[PDB]
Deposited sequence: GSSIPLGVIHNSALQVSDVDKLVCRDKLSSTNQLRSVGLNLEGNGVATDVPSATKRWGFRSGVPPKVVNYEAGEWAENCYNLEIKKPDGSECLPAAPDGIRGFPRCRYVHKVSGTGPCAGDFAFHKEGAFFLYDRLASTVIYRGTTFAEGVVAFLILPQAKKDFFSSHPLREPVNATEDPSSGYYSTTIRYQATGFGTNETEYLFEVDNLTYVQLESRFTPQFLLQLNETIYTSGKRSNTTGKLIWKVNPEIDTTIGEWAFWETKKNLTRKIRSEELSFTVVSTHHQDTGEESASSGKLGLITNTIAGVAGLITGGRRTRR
């Protein structure tokens, strides 16, 4: 029951695949797109102290990953290298294929010795962590990520593609 959006004459409306009339014609498989939107645009605070308080550790839930094709510029992105007091690395190492968010104006790198208390780090408000083009539910060590959400669309058939219109870093401690 994943909602799917339909665009006609630059208006947006929700539609189950069953509700589609013949008017909202879907002719080719390249009309279907997935877009990942950073939630900085929804007014959230983006400083490191406020962002750290929205990530938490848990055990017993396996990670998951989903693909997204288009994205958005991020004004702030994060990079985490937290450690346990004994020197062990808390977060998992990045699996092959996950590189990092392609576009960030600023990248916050956080390193410290705050005690993690679980197997993985999740998002307490349900949002995803966005990498180059793979959205994940977990934080991976050393890889830049941007907080965001994913949406699915049926784009209009046109001679020009929908996605063709008008074509620093700081380090802080933690505990």
Sequence ranges without modelled C-alpha atoms (deposited numbering): 1-2, 170-186, 195-321
